[PDB]
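**Student:** part one of the complex, untouched from its place in the assembly:
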Amino acid sequence: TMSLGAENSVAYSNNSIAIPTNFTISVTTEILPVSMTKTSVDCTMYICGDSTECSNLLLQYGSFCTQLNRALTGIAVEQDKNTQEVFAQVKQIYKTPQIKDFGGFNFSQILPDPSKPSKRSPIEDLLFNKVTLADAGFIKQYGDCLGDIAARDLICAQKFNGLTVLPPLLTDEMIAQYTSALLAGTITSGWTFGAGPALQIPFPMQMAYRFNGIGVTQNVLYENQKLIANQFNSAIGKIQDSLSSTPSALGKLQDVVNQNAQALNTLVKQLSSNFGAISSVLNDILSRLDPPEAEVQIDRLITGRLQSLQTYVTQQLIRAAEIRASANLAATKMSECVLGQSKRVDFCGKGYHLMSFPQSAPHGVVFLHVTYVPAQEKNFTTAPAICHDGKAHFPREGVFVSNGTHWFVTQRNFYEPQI
Amino acid sequence: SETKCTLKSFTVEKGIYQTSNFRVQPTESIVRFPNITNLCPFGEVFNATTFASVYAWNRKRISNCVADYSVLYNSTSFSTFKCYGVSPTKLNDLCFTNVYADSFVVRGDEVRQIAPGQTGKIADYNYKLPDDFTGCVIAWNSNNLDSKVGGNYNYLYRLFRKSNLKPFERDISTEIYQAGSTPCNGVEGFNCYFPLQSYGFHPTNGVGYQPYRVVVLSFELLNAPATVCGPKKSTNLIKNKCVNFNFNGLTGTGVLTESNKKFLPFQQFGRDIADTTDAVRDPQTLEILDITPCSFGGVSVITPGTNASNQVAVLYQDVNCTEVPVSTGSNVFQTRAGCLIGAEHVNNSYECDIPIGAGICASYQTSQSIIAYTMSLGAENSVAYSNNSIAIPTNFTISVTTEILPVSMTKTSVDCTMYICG
Amino acid sequence: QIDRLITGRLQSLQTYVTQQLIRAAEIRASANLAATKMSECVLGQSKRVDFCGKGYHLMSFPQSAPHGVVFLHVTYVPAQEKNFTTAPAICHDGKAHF
């Protein structure tokens, strides 16, 4: 019997309270698809295969062919606009500043590294390496497939039958530039450049504004600036370690790639079936039978192959709907987690949210979310409302607690003994 | 014009407009058959001095011959000719694998029973054909040879059997057949019958009671090697060009190239996962050749509107800007998306107008011409980071924008009967 | 012959209905987004970033249209600025003031 989890309990006491003495800064990872592969189909090459007797009988189905091609064109344009909406929010490229002291904060690993091609971050480099792509570009020449007959590579097989893959408009370097501009803007000007021109501000000031956002006073930072900066450095180290240690991290992107490849390959394999005809080869039928008797078999084959193409197109449309929903969610999370700080619960990370960073990926994006989680706690005694002189007095911002002889007021997300 | 025909309109807007593919046409035709010189034994097979009885029918093997059936035109006249797995007009262009010939004599009104799916005396107890039969059936009258004034009784047929025969099986037993429950133990009597019976042919009997001679041919057409071929002259072998070929009756078009795979002695050609022929063994020089399609594809056309101009640019997805692998005027440019012909490359970067691919866009501008360029992401900028320096705005602006969202779509209903039958 | 025609025409009708279903799903997603936009920008002031306008949000007005709706978002944008000098706090009598 599967275990739901470790059974636990909370002791309800109406004259007691627990307030967190300490806290942690934790960073997690999140993976979302953005776009799929774009494809187009030639009817005549897939159905008739360079036969003149065929394709003189396909003049009665060219209309269905036009409909299929229209649907595929719509899908391709949709993929392009999905990438635009996710990554092209800002048209002002913000150059990465000369790496300055940020108070211990270390964006060296998320910022581009000049001493390598394409000027991309080491974490992005690892993410690019982890996911495999079965395309290797689109430059396959006729001589390349003609010479390599012995190696039955699948790409030549699906390209000899009218199935081709079109390249996306935005190259990888362009997307890296977009992400670099986003990171530079968000590390210099804070949240300002989302609404109006960017205004310069120290990083300690911006993240002290973040603490004031979550409801924790600035003094918690100010008395412990170096400790908290070291804490964030430790969190980003934990993220690099977690990404490097476990190969099985990026699954959804790989699943998208594998699904597209499998769909094309099964379309290729379905040419071996005869749909009640004497054979699955047009050449054999045309070699053995006269035209009035060959027309029947050719018609059966044409009907079957059109049915296969229609099934492929329908599946592609449904998958496009799913990816559209994911892309819209990615755009919303980008806007609400890197252009501002969200009060929503469990949206930009588990816990009280601080900020987020994007990293590029093939067919998707990876979000590094920086959250707040309280550490160990200590129980205390309280009163429903501290009445001093007959008029119920209430604290403005904290909660009144006592050790047993003295009364102090303190807030909720962190322990702050104050009078 | 191709995109005009695809859109079924005489006006075309701007775009990229995927065309069909790249195609190449054959220029030559070749024929390769094995060298046979001897004519095929028609005179022995059709034209024997004696023929067998239907129950003890005869089988003969035919190999290493040329099937020119035009030599029978002045010799024979046929009353029945029907083929099953092949069209009679394609017999001059084929080669046949495992030919056999069967021959016997029957009545006139029993020739209809030599066909698949039949029932009757001959089909049940004498001669049976398979349901999936491939071959031809021939018959002709023989009253002037197999009839005598007194009566000819040499031909025999079977009358009684306990069970029906399986296809292409023969029995020549002479055991006594029992009809009643009384055991026979030999000695034909009241309920015991001799199974075989004799035809009686006279020169003055009816048309359905006259003898007929039947020959049945069976074979397999394409798979496996063949040694019997039609009367077609052979040609020379052409390699590394798109030609029309005919290898042992198999027709197609493609490019032939030497191969490394080795066949077993009982194999002639091979197939791939799609069940298409990709290799073949030459009948004359025993060598292995591969077959590759001629058309490969990847073409698209870039144009402004037809109202504006009639200039176009064409994109080939997979070419290192040379002659197109199986029309360069002045401008050739190379991109990661492919070779672009008909545009002028420019160093300046503008806003994207018509998306080409791999970070290249096109536009129409000033004498007007089509240009291609790397798309501009936007205006380069930077922000100074200075922590001891903070900046706060002293004016603001109040602005209004517009947002457009669809809500509903049209409601429609369909009547099946009026749309389909009407 | 009549059976061939019947089968073809049924196939055409089924294809039409499938495309209609997919389009209806997309339109329903748009309609839900529009309903939330109304409820959260016209009946209230939203704190979400880039949801009810390009900048700090003030309000929004609805306008009708055939098969749709048009939203007019009134937004705050900061104009020209000036640089100054800042420090984390001020130590006046030894105790940091923030």
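**Tutor:** Arrived safely, thanks for sending. Residues are numbered from 1 along each chain as shown, chains lettered A, B, ... in the order given.
**Student:** so what's residue A:13 up against?
**Tutor:** Applying CB atoms under 8 Å, 6 or more residues apart in numbering or on different chains, we find residue A:13 in contact with no residue. Every residue, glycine included, has its C-beta placed from N, CA and C.
**Student:** how does it look with 10 Å?
**Tutor:** Residues in contact with residue A:13 (CB atoms under 10 Å, 6 or more residues apart in numbering or on different chains) are A:379, A:381.
**Student:** do the one 4 residues further on as well
**Tutor:** With CB under 10 Å, 6+ apart as the criterion, the residues that contact residue A:17 are A:377-383, A:399-401, A:410, A:412.
**Student:** now the helix or strand where residue A:307 lies, how far from the centre of its chain.
**Tutor:** Secondary structure from DSSP states H and E places residue A:307 in helix A:291-338. Relative to the chain's own centre, helix A:291-338 is displaced by 23 Å; criterion: CA atoms, centre = their mean, to the nearest Å.
**Student:** which strands and helices sit next to the helix or strand following it?
**Tutor:** Beyond helix A:291-338 on the C-terminal side, the first helix or strand identified by DSSP H and E is strand A:352-361. With contacts defined as 3 or more CB pairs under 10 Å, 6 or more residues apart in numbering or on different chains; DSSP states H and E, strand A:352-361 has these neighbours: strand A:23-33, helix A:62-87, helix A:122-130, helix A:172-188, helix A:203-214, helix A:225-245, helix A:291-338, strand A:364-374.
**Student:** How many residues are close by residue A:280?
**Tutor:** 19 (other CB atoms under 10 Å in any protein chain shown).
**Student:** Append chain D to the structure above:
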Amino acid sequence: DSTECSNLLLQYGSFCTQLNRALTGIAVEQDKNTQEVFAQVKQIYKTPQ
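**Tutor:** Following on from the chains above, chain D is added here:
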């Protein structure tokens, strides 16, 4: 359960495999839906007196 049929269905077993893959995907999706709605917390808290 006719043997003459399903000897002629070897030409369409591929389409059958495709259909079955789609249905299996739907089933796994339903299980994940229920888990994503109801399994937010892993510490099972017991109701007090």
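**Student:** quick recheck of the contacts of residue A:13 now chain D is there?
**Tutor:** So residue A:13 contacts A:379, A:381, D:48 (CB under 10 Å, 6+ apart).
**Student:** tell me which parts of chain A are close to chain D?
**Tutor:** A:3-13, A:259, A:262-263, A:266, A:269-270, A:272-277, A:280, A:304, A:307-308, A:311, A:315, A:318, A:346, A:350 (CB under 10 Å from any CB of the partner chain).
**Student:** Mind checking which of those are buried?
**Tutor:** Among the residues of chain A next to chain D, those classed as buried by 16 or more other CB atoms under 10 Å in any protein chain shown are A:263, A:266, A:270, A:272-275, A:277, A:280, A:304, A:308, A:311.
**Student:** Reformat those residues as TSV; add distance to residue B:176.
**Tutor:** Shown next, in TSV, are these (distance: CB to CB, whole Å):
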residue	distance to residue B:176
A:263	70
A:266	64
A:270	60
A:272	55
A:273	54
A:274	50
A:275	54
A:277	51
A:280	53
A:304	57
A:308	62
A:311	65
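**Student:** And those residues, which two are furthest apart?
**Tutor:** A:263 and A:277 (24.9 Å; CB to CB).
**Student:** ok, now which ones touch residue 314?
**Tutor:** Here I'm looking at chain A. So residue A:314 contacts A:71, C:15, C:18-19, C:22 (CB under 10 Å, 6+ apart).
**Student:** switch to chain B, that's the one I care about
**Tutor:** Contacts of residue B:314 (CB under 10 Å, 6+ apart): B:19, B:299-303, B:327, B:338-343.
**Student:** Also residue B:133?
**Tutor:** So residue B:133 contacts B:84-85, B:115-117, B:167-168, B:216, B:218 (CB under 10 Å, 6+ apart).
**Student:** Further, place chain E onto the existing structure:
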Amino acid sequence: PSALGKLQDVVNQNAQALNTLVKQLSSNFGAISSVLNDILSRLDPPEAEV
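**Tutor:** To build on what is shown above, here is chain E added in:
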């Protein structure tokens, strides 16, 4: 009574789809009958293939 409608609609939709799938077996798609046993009883293989 008319409070929990959407859940019941889901259940009804699934059941009705399965029942319609069962009922569609009564149609003959241009054949002489919708029963395989009937066709196999009256006709030989080369004619029953169609």
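**Student:** ok chain E is in now, so what about the contacts of residue A:13?
**Tutor:** A:379, A:381, D:48.
**Student:** hmm, try it at 6 Å
**Tutor:** With contact set as CB atoms under 6 Å, 6 or more residues apart in numbering or on different chains, residue A:13 has no partners.
**Student:** just the one 5 residues further on next, same as before
**Tutor:** Counting by CB under 6 Å, 6+ apart, residue A:18 touches A:377, A:379.
**Student:** now swap in residue A:327 and tell me
**Tutor:** Residue A:327 touches A:34, A:82, A:86, counting by CB under 6 Å, 6+ apart.
**Student:** try 7 Å this time
**Tutor:** A:34, A:82, A:85-86 (CB atoms under 7 Å, 6 or more residues apart in numbering or on different chains).
**Student:** and if you look at residue B:298?
**Tutor:** A:164, B:21-22, B:316-318.
**Student:** Equivalent analysis for residue B:392, please.
**Tutor:** A:199, C:81-82, C:84.
**Student:** try residue B:409
**Tutor:** Residue B:409 neighbours (CB under 7 Å, 6+ apart): C:23-24, C:27, C:67.
**Student:** Include distance to residue B:295 when you put those residues into a markdown table, please.
**Tutor:** Rendered in a markdown table, the data for the contacts of residue B:409 read as follows (distance: CB to CB, whole Å):
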| residue | distance to residue B:295 |
| --- | --- |
| C:23 | 35 |
| C:24 | 40 |
| C:27 | 41 |
| C:67 | 45 |
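**Student:** between those, which is nearest chain A?
**Tutor:** Nearest to chain A out of these is residue C:23 (CB to the nearest CB; 9.8 Å).
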